[PDB]
Amino acid sequence: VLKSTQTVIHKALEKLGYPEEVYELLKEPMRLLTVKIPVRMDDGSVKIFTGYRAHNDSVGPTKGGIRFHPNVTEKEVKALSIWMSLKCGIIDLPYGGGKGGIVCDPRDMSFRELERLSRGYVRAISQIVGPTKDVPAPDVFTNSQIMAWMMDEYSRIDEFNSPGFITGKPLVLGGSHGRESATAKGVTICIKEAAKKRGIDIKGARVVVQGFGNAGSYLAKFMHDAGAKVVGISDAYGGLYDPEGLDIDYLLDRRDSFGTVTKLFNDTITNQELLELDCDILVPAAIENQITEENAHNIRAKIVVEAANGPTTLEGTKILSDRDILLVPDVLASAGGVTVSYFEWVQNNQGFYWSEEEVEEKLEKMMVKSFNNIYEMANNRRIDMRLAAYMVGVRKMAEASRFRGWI
Amino acid sequence: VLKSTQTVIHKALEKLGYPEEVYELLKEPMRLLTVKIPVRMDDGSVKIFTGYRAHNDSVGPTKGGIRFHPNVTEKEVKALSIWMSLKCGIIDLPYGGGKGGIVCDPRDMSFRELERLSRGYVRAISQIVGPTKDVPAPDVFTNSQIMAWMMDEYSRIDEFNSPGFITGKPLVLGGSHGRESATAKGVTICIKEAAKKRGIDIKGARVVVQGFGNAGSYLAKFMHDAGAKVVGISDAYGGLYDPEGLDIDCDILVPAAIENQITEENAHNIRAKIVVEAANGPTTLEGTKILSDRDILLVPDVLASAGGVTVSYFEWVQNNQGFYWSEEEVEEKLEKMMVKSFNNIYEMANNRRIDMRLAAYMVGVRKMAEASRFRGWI
Amino acid sequence: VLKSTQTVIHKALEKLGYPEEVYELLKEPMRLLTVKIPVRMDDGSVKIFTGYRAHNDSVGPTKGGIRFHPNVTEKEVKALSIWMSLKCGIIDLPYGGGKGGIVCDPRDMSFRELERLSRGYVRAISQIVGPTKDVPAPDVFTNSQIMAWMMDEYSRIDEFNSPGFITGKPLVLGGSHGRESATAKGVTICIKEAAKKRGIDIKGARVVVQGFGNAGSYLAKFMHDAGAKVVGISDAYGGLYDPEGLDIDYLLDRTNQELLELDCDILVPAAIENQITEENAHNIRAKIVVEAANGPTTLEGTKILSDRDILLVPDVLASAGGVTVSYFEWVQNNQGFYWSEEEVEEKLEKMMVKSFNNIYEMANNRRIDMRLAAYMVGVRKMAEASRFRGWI
Amino acid sequence: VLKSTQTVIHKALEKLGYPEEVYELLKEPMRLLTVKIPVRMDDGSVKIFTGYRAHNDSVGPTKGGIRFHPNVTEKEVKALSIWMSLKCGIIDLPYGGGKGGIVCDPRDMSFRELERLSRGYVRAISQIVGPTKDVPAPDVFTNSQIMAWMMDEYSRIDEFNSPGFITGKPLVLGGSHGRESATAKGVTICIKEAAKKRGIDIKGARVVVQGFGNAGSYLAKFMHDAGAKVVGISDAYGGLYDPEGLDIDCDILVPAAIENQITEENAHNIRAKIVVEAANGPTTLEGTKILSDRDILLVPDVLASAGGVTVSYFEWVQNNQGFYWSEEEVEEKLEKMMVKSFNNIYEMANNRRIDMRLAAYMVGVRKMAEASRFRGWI
Amino acid sequence: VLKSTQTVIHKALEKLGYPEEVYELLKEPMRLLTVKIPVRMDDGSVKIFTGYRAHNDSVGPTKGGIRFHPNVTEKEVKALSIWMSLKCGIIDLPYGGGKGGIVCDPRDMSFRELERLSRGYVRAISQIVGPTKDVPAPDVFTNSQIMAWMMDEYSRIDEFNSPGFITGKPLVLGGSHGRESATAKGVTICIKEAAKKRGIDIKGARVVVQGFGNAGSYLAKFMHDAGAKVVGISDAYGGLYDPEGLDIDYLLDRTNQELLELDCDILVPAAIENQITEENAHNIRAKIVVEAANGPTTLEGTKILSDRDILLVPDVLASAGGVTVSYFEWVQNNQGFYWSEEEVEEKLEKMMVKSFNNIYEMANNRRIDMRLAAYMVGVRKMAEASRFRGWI
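Protein chains in written order, with the entry's author numbering: chain F, 17 to 423; chain A, 17 to 265, 295 to 423; chain E, 17 to 270, 286 to 423; chain D, 17 to 265, 295 to 423; chain B, 17 to 270, 286 to 423.
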C-alpha cells in the first residue's frame, strides 16, 4: 500500500527527471507523531488508545483527516499522509499532506467516551498542530461532532477561537457550506467528466458503488439525482443489486450512522461480485485493495473512479489500462474533501463565510481543472491516470522542497 | 434590568425547545473582568477609574463596544454583552457578544486624560482581549480617536500592528468605509425587503417616517430617492402630511423616534401595512401583539439596526485580510447579510406563527446555543 | 543623498500644513537594525557581512526589499525605507516603509554561500520582522530563490509556515501571479487614466515610448494593442517615427532629441534621467508625459511642463505596480488563498486608478503638479496615523 | 527487547499493588516523534536521516540522551526512554524519561555534516522539546560539541539563549562541573553507603574491583584512597591478589566489567558481603536470587550508575538559575541525592523482604505512577 | 576610541592564539539597534530622542547599563558593550556584553519627562530585550527609579512581572542587597587576594589609598578595620602619612607625589588617570598596586611595574564588583528568591576570588602582566562559545 504509493511516486518523480534525492525525501512523512491516550471509560475503567499524526511535507501547512478504526496502523497513516500531499498538489492548494489515526472502534464506544478520546487526541498532539501548522478533518468513522469537540479543545489550549485548526466543522463553528458531502460531490464531478470523456450518458448510466459510508452514500444519491442508475451498492457486509437501479432514497433511509444497510436483506450479494456487476461506472468507496490481479480482468465498467484511498493495486491498475478502462485515480477523485476543507480554512483565515453556491462553484472549477490537467498529461505522455496524477500532485512539493533548500 | 435581557433569552430558548440548562449557561457572561485603572490627571492628582469587560459567550471571538459614562454599571455591561450575542446571532456573525464600560465622565476629562484612561483600560484587560479573542468598538462617549489610542496601546503590547483588536478605527489605522450610514442603510434594507414580502412596490409606496432628526431625515431621503411617496415626516413639534408625497429635498411606518409610540391605546389605529422600527422600543408589548393580530408586519429594532454591528464586523474582516474594501463593496455585503438575516427571521416567524420580534430573538440566541452544545459546554 | 529624501518629505509635509515636529518624526526611520552576519565561505574561511534593516514608520506593518550590493549603505537603506512609505501612502497600502541591505557582492558568491548569508540575515533580524511586523522583498541582486531561503529560515524560527513574512516568493511557496508585468502594467493604467483626464481617446492616440528596452518595449505593445498609434520608439541608437503608427508587433519580433519633440499625445520617457530639461521642456509636443523610469525630467522641466498644460505623471506613482502586487502576495498569504492572474490584474487596476485619481484631484484642487501632490499623498497617511496614535 | 523493559515495569508495578491500567499507561512512551532530516553531504549529495524522540511520561519535563548509531531503533529509543523514567524515579528527579536517536554512522560523517544533522534534528523536533519540555543529553556517539550545536540551534529558534534545553554542554555554554567523574563517584557513594548498612568500616575493608579499565581503575583509586585494602583488581588477562592490599598507585565486590560474571554456576562461591554493580547486568537473574538467599547485599546497576543522570540534572538546574556550581557543590549534592536514593531503595527492600534490584525498580516506577494518578491520567 | 577597545580585543585574542577571523567577529556588536523616541515634553512640545542598544555577543544573554548623557554616542555604546563582554568573561558570568545609551540631558528634563523617555526607550527596543535576551542596568545619569519605570513598562508588554529584564531595581521591585558597596568590596577582595600571593599578612600591611573621596575613603576603612596600617591617604590637596598607621575612623568621621612614593605594601590608586607613569614608575615602593579607578597607570608604567616585581591588579578586574552584584540580582529574579546581605557578600567574594586567581595564574604561567591576562580571560569565553556554536 505504502510500498505501492512509493513505486508510483518514484516513477512519477523520475519521469519528471528528478534526482533520486527527491524521492528519498518524499517517500515518507518527514514527521510522524504516535501517542498514547488514556481514556476514562464509562465502565469506570481506563483504556490506552494509540494515536498517530503524520506530516508528509511542510512546503505548506499539512492537511488531512483523522480516522477512528480498529484497523488503522502507522503504515496506513503514512500512506494516507502521502496521498494527501498528492491531492493538494493535484487540486493545487497551499497545503502539505497530513493524516491522523486513532486505533479504536467508535461503534463500541459511547458519545462521552468518543469526546474524551477526541479531546485526548488534541491534547497529545496540540504542540505540532494548529491553524498554521496542520489542519485535520473528518475521515473514517469521524464526523463534524468530533471536529467540534477537537476544535474546542484546541481553542482552550490556545486560549482563543481557533476554527482554522480543523476542518469539517459544524457550520456554527465556522464550518463551510458544502463540506459535509464534498467528497462525494468531488467524485461526482470526476465521474461526469470521465463520462463526457467516454461518450457515456449519465442520464441513464448504470453506476455501481462499493461502500455506503459518507463518501459512498452521498455519492450514490448524487448519481441518482443526476439521473443515473445506481445498480450496485454495498457496505462491509454485502451488496444490493437491481439492474434497474436501487431505491437510493430508501437505502440511505435504512442506513445507519456507520454506513451499513446490507443486513436488512437476505437476497444480498458479495462485495467481490458487486465489483464485477455489469455496469458503466464502478466507484470503489470502501476499503483498499479491492481491484487486484485476480479481478481486474473481471470488471465490466469502462469507467472506474476511486472515491476511496488505494482501492486498486499496481497490476490492478496496469490491467485496467491494458484493456482500455478509464481509471480516475484516488488522489484526484477523492480530493473534494480537502478542496472544500481548504475553502473552510480560507473562510476561517478571513472570518468571512461563503454561500453554498460559492463553494459549489469553486469546488467544481478546481476539480474539473484538475481532471483535465491529469487526463491531458496522461494523453501527451502515453501513460495512465495514476502516473499522470502523481506527476501533477508531486510537482509543487518537489519544487518547493528544492527552493527551500531541503534537497 | 439585567433580568429583562434574561427574560428575552429565556423566552427565546424556551420556544426553540432548549432545556433549562442552556438558559442557565447563556444568562450571564461566561467571563467578566472588572479593573481599577490609575490615571494621572492634569491637576497633578491621581484618579482610579473602574472598568469592566464582559465576554458573554465564546462560540466565536467576542465583539462589542466600550462606553465612557458616569452611569455605566457592571450589571449594564453584562446585559449589553448578551444583547451583542443576539445581534451577532441575528446577523450570523462569527462572533459572540462582548461589551465594555468605564465609570467616568469624558465631558469633564481633558484630551490627554482620556488618552491615559484609554491606554490604561487596554493595559488592564490586554490579557483577555485581542483580534482573535475580544474585539471592542466605540459606544456612548467613545469615538474613533479613543479607538485609535486603544489600538496603538494594544499594538505596543503585542509588539506589532493589531488593527483587528478594535473596530471603529480611523481609516488610516485600518478602519472601514460605510460606518456613517451603516445603521440607517441597514434599516432601508429591512424596509425594502419587508416591502417585497407584502407585495408592496416601493416605487409608489406611501412611507411615513416619525422623527426627522438624524436617522429619520436620512431614511426619508432614502425612500424619496427610491421613489416612495414619503407622505409624512415629523420632528418634535408635529408632522407634515401630503398624499402626493413630500419633497424631502400609508404602506410603511418607520418609527424613528422615542419609545412607546405604538401602544395598546392606538395600535388598532395604525393604517400602515408594515412597521419598521428605526429606534429603541417604539412599540409596547401589547402594541406588538395587536399589530400581530392585525396583519401588520413589525420589523424588530434588534434586526433593523444591526447595520452598525455588521460594518464593524466588516472592518475586522478587512483587518484580518490586511485588505480594505471599497465603499460599494461594503454596501453590497451589508445588503446581502441584512437580506439574509431579514429572511431567516421572517421565515421562522412565518413557519412558527409568531411575530418577527420573538423570531429574531430565537435566531439571535440559537447560534451560540448550537455552538455551545457542539463544543460540549452543554 | 539622504537629505534629498528628507527635502521631499519636508516640502510635502510643509504644503499639507503639518507642523515642523511631524517632519522631525518622519525624517528618519523610527527603527534601524544593523547586524554582523558570519558566513562560512566555500574556501573554508569565514566572512562577516554587514546587514541593515530599517523600519521607517510603524503605522502599519513595514514593507520593503533587501538588496545585496557592494555599494549599499546604511544611509541608503534609511533613505529607501522612507521612499517605501511614500509609495505605500501613494497606493494607500496598510503598510509603512521598510528596507533591507547587505554589503556583499552576490556576483562573487557561490549558490550555497548566498543561502548561508540569506539565512544568517533572517537569523540576525528575526526578532523585529515577520508577517505582522516587517515584510521584506527582492531588490537589486536578490530574487525569488533568496526570498525562498529567507522564508524557509523564518518559518523554522516560528516553527510554522510564514509565507507572509517575505514577498516575491516562488509560486509554490505562496508567491503571487502578475509580478513580471506589475510595474509595466501599473504604468499602462496611469497612461490610460491620464488620457481620460485630458479627454484623449486611446484608440487613435499618438504614443511615444523612449527606450525600447524591457519596460519600454512592453509599454509599446500595450498601446499598440490598445489601438494607439505608437508613432515612435527609441533604443540607444536613435528612434523610429511613423505618423501612421509603428507596428510594434513587427518589432518585438525583430535621434533621441527628435523622438521627444515628436507631435504626439502621450510621451512615456522609459529610459534614463534628465531627458526633459529646461533646455528642451518648451519643445515637448506631447499633452501627457508619463514617467516609466527614474527622474527622466529635471526640476525645471517639471515646472515648465506645469506652466504649459502638460500633464506629468510622476515615476513614484507610475511605477508603484511592483509594490502593489508584492502587497497582494502578502494579502494572499494572510488569507491562505491565492488569486487568479485576472484577479491580481483587476485589483492592481482599481488601486492604481484610485491612487492616480486621489493624486490628480489633489494636484488640481491645490494648483500644483502631480509630482508634489503624490509626495503629499505618500506622506499624509503615516502623518495622520502617527498623530491618531499619539506619536505626534 | 522492548518487552524486557516492560516486564520489569510490570513486575515492579505489580509488587507496588498498582492495577493493570497503570502498567498499560507506562508500558509505552506517551509521545513518540519520528522525523526525516535532510542533510547536505560534503560530496554534494543529500541524505535523509531518520530520527526519533520519545517522551515516556510527562509527570515532569522529560530527560534523556541522543545516540548517533547505525543500529539505533525506534523500539530501542522507546525502551531507553522508559529506563530513563526509572533512573529519574530512583534519584527522585523532577523529570520524566525521554530519549533520542538518529540512524547514522558518525564515524563516516565529517565534522560539518554532523553539525548539519544536529541542527536538522533540533529543527525537526523543536516544537516538542526545550528547557521546560524535554531535555536531551549526549549518548553513544554524541558529545559536548554536538550538544553545543543543538543548543545553539534551539536558542536561535527561541531567539534567546536556552542552555537548559540540553545538558552535557561545554562549560562556556553553561555546562556543569563534575561530569567526568559523575558515574564513578555515584558508585563510590553506593559502596560507602552499603558498607554502613553491613557494619563494614571502609578503613580496612577488603575491596575487589573486576575490570581495571576506565571506571574500574577509578573505583580502585577511590577505595585505596579511602583506606580500603583493594585486595584485588583485574583487566582482561587475569587478576592481581594481595591480602595486604594492592597499592593501586573480600568485603566488597565491585563487578566493573561485562555481563554474566555472577551466575547460578558460581553465585554460592562469592565470598564478598557486598556486591556493588559498576556495569550492566554483571549478575544473572539466578545469581541475583542466590546472593539474596545468602545475605549478600547486591547494589543494582540502575541505582549505582545514576551518577551521570544526576549531574546532567544539576546542569539543568544551574541553567534554570543562571548560576553555576563549584566542583565541590556538585559533589556534595551528588552525594546527598545518591545517599537519599540508596537509602529509600535499601529500606524498601528491607521492609518488603526483597532484593535491591526489584526495590529500585519499584522506586523508579512509583513516582510517575503517583504523579500520573494525581493528575487524573489514571 | 572604539579602536582602542578593538586593539585590546585583538591583542588579547592574538596572545590566546585565535585566528584573525575571531577578532573580526568580536570587534563589533553582532547587533545594534538605534531608535528614535518621541517624548511629550511638559512645555507641550514633542522632542525626538535618539537611543541605542548594542548586543556585542550572544554566547549568553547580553548584559549592560544605559546612560542618559548629551555626549553619549553610537560609537561609545558599541565600545562599552564590548567592555561588558570582557568584564563578563573576567567574572565568568553566563552573560555577553550589552550596552544602552540615550542622547539627552536628564539634568534639564523633568521627572515626568524622564519617565516618558524611559518607557519610550523600552517600547522602542522591547522586541530584542528581556530577562532571557538582554538585561540593562543603570549608568551615568540613570538610577533605580529609571530602572523601575523601564521594568514596569517591560512587564506591561509581556503582561507579567519581568524583574529579570533590568537590574539595579529598588528592593521592592526585586532589586538585590549589596549594590552600594559592590565595587568597593570587589576591590577589597582583590587586595586581600593579592596579599596572599605576595605572602603579605594583611594584619600589619602598610596600605596607601590615593583619593579619600568616595571609594577611597571606603577602602581605607576596610583596610584599617582589617588591621592594616593605612599609612597614607590623600584627597585633592595633598596626603597624610603616619608610619604607625592613620586612624581612618578619626579621619573617617571628621602631597600626592609623596603619598605615592610612600614606603608601603599595597598601593591603591583610587583617583584619576596617569598617576603611575614612566616618569615615576621606578619610584613606587609598594609591592602590590591595586587599581580602584580608571587607567591610573600608563602603558609604560604598567610595563615598568612588570619588570620590577610589582603586582598590578587591573581596574577591569578590580572593579567588577558592580557587574557581579547586578548579575546576582538577575539570578535572584530568575529564582524569584532573594538573597540576604551576607549571601550576596559571600558569592561576591567567591566569584572575585575565583576570577582574581584564574587571571593571576594565567599571567604567571604565561609570563605577562595581570592587565593583559585579564583581557585574555575576558575575551576567551565568548571566543570559545562562539566557536562551539559554529559562528566561527
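Built from N, CA and C at the ideal position, the CB exists for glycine as well.
Item                                                                                                                                : Value
Distance between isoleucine 390 of chain D and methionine 401 of chain D (C-alpha atoms, nearest Å)                                 : 6 Å
Status (buried if at least 16 other CB within 10 Å, exposed otherwise) for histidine 313 of chain D                                 : exposed
Supposed contact pair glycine 248 of chain E and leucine 290 of chain E - C-beta distance, whole angstroms, cut 8 Å                 : 5 Å
Neighbour flag for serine 61 of chain E against chain B, beta carbons, 9 Å                                                          : yes
Proximity below 9 Å, CB of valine 320 of chain D to CB of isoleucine 303 of chain D                                                 : no
Close Cβ partners of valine 138 of chain E (< 7 Å) along its chain, the five nearest in sequence each way excluded                  : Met166, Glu169, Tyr170
Chain F contact for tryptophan 422 of chain D (CB, 9 Å cutoff)                                                                      : yes
When E:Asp58, E:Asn364, E:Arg69, E:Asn395 are compared against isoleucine 141 of chain E, the one with the closest alpha-carbon     : E:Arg69
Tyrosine 257 of chain A, buried or exposed, once every other Cβ within 10 Å from all chains shown has been counted against 16       : exposed
Limits of the unbroken alpha helix (DSSP H) element including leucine 235 of chain B                                                : 231 to 241
Reduced DSSP category for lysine 103 of chain A - H, G, I as helix; E, B as strand; rest coil                                       : helix
Whole-Å CB distance - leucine 133 of chain E paired with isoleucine 144 of chain E, under 8 Å assumed                               : That pair is no contact at about 18 Å.
Spatially closest choice to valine 75 of chain E from E:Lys103, E:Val62, E:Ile297, E:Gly113, by CA coordinates                      : E:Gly113
Interface flag, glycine 190 of chain E vs chain F, CB-CB below 9 Å                                                                  : yes
Counterpart residues of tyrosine 257 of chain B in DSSP-defined beta bridges                                                        : B:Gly248
Touching by the beta-carbon criterion (3+ pairs, under 8 Å), the stretch 98 to 114 of chain D and the stretch 407 to 417 of chain D : yes
Neighbour-count burial assignment, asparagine 388 of chain B, 16 or more Cβ in a 10 Å radius                                        : exposed
Where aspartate 265 of chain D falls, given that 16 or more other Cβ within 10 Å makes a residue buried                             : exposed
Delimiting residues of the beta strand (DSSP E) encompassing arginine 83 of chain E                                                 : 82 to 84
For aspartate 251 of chain E and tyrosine 369 of chain E, the rounded distance between their alpha carbons                          : 38 Å
Minimum C-alpha distance to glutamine 161 of chain F - residue among F:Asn177, F:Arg135, F:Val151                                   : F:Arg135
Identity of the residues DSSP links to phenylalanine 65 of chain E by a beta bridge                                                 : E:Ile53
Assigned exposure category for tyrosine 253 of chain A - 16 Cβ within 10 Å defines buried                                           : exposed
CB contact below 9 Å: residue 425 of chain F versus chain A                                                                         : No information on residue 425 of chain F is available, as it lies outside the stretch 17 to 423 that chain F covers here.
Inter-residue spacing [alpha-carbon to alpha-carbon] between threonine 333 of chain E and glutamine 306 of chain E                  : 11 Å
Close Cβ partners of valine 51 of chain F (< 7 Å) along its chain, the five nearest in sequence each way excluded                   : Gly67, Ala140, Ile141
Cross-chain neighbours of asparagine 388 of chain E in chain A, by beta carbon under 7 Å                                            : By Cβ distance, chain A contributes nothing, its closest Cβ being about 13 Å from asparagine 388 of chain E, past 7 Å.
Same chain only: Cβ atoms within 6 Å of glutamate 131 of chain F, ignoring 5 sequence neighbours per side                           : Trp165
Amino acids of chain F, ordered along the chain, whose beta-carbon sits closer than 7 Å to that of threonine 148 of chain A         : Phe176, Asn177
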